[PDB]
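One structure below.
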There are 2 protein chains.
Amino acid sequence: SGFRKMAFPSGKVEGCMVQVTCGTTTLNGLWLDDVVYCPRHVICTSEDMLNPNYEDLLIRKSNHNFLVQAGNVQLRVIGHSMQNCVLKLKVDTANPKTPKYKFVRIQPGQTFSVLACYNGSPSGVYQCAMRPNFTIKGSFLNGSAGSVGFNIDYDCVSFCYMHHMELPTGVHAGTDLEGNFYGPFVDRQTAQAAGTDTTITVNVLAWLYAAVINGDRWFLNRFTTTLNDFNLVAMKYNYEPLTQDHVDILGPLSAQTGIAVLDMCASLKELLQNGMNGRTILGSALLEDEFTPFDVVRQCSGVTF
Amino acid sequence: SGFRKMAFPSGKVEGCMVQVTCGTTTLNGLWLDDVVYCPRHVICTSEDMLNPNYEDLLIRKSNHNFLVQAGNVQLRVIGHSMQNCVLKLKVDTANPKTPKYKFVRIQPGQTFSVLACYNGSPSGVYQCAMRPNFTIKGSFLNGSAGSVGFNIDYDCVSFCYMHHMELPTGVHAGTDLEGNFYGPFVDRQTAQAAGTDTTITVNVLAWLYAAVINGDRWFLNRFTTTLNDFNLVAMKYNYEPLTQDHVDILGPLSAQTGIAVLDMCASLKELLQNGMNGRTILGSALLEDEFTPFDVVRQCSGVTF
């Protein structure tokens, strides 16, 4: 019945999006309860970009110097504070659109939906995944700093990301809602770059299982292999090595389809060692590593929120 | 700065979604003002799937026999009517979430976002395009009939599609909000199938222009060609033939990049006649035909709503 990349409905999250302007820089922030969260480098100026020191900028900042906008409505600020690398300003106006929310930190390989917004107005929503080098291959333009990626579980919203900068290589770096950076990055213009990227294995295995579910079975083989062999193959073809947790997590899909994991390992090894022979899987001629097993289960079972 | 497939924020549309139940069949509908629109085959039963006649069923239908669910809230229905192939039930409760809306009919090649819903609750959003055979390659499971695809223009929402059935071939068919079917399809369980499909040229050209904008210009050539030659090669490789409107519409992108359309036509002909030589463009090894020029302009210029 098809298999398409879909993101969570960005209905509750967009209601808490606000705009903040300080001096000459303008971007967007999140408005939960009566505290607004924004990137810390909004107090930084063009001159401060060579070497910024944030404690002096924070102590020298006053309440009136900061302008906060919710669409056309400007609120009032009665206090300010800083937490790690994220500024949280005490705003006297509580947000009636605040949903039930949780703050979580995600490990590499987990997928989340990002609501891209410019100048405090939403523009679009799409899915993305955390690369092993702690980067995301998203689509952001200038002035888009402050967009937040989120996950939805029934009623609770889990926020996991917040855009901060764009690397010279064309990838993006961000921090969690508590101010901790994702990977070895700092908010400065020194020699900042990411490491070597490796394609994930669990995501491509889940994608293959979804393809088998949808009716594509031409790549199935009749062989069985060990686990050290697949670990060596993954490390040899630039893939993250497989573990016992990664072979247990595929239990639901394997039971649903009836095909063992080692057979899929052999099939994937034969696909890598021989290409796709010109055929395409789910309309793609290359392996996709942006489908976690949970996404495959949810889309193929119609779980709704 | 990246290039991803993103859909419109489903915040205003999500609040207008409601659920209906009649007899044994249950699905979801749209609630605008104080009239609800639902697919017309809800009044059919298991026996009616061989040869249904709707006039008698509407004659015998009463107000109390129809159950409407707005989340947990049940409304009141005062009267019923049908327009073409869509049921319009007069509900005495006006929808406070009704936005500024327009009803439009789209031609093949235009893209829109679909808010998939199950049992009256949203599930996800994704982009899709109207194929020349009047079908869409979406991801819908059983009981998802009634989801509506929409477009957003600043403040006005344009609704263009509504899911009705799943073809045996694995594609979907739907009707506009007025009730006219998209292509030769009837809401009956008989011999129904689509025609031959072809890849749309303008979407591929827009995708190539976006790739050139992002900095991937390894396929650029130094040749010029006529327009009849491109028409011949498009019809030769099963592409929709190009026109003068399709060469004028690419004016903005071509002026922005400074690359003539005929040069891109020659590059595309040489790509099709020789493959991609193992290289990839924007992370895909196959040509993409789901990016209209408007989408390319909007994403590369950061137009927000």
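Think of each number as a place in line: the chain as shown, counted from 1.
Recorded method for this deposit: electron microscopy, 3.4 Å.
Using the three backbone atoms N, Cα and C, a Cβ is placed for every residue, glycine included.
Swiss-Prot has this to say about the protein:
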- A:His41: active site, for 3CL-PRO activity (ACT_SITE)
- A:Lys5: ubiquitin cross-link (CROSSLNK)
- A:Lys90: ubiquitin cross-link (CROSSLNK)
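Take the CB of the residue listed as 'active site, for 3CL-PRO activity' and look out to 10 A: across all protein chains shown you find 21 other CB atoms. Filtering the recorded positions A:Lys5, A:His41, A:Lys90 for a Cβ under 8 angstroms from any Cβ of chain B leaves A:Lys5, in order along the sequence. A C-beta separation below 8 Å, combined with a sequence spacing of at least six in one chain, links A:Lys5 (ubiquitin cross-link) to A:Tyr126, A:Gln127, A:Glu290, A:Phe291. In sequence order, A:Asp34, A:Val35, A:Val77, A:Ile78, A:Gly79, A:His80, A:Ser81 are the residues of the chain that are 6 or more apart from A:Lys90 (ubiquitin cross-link) and have a CB within less than 8 Å of its CB. Mapped onto three states, the DSSP output places the residue listed as 'active site, for 3CL-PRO activity' in helix.
A:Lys90 (ubiquitin cross-link) carries a strand DSSP state (E or B).
According to DSSP, A:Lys5 (ubiquitin cross-link) sits in a coil region rather than a helix or strand.
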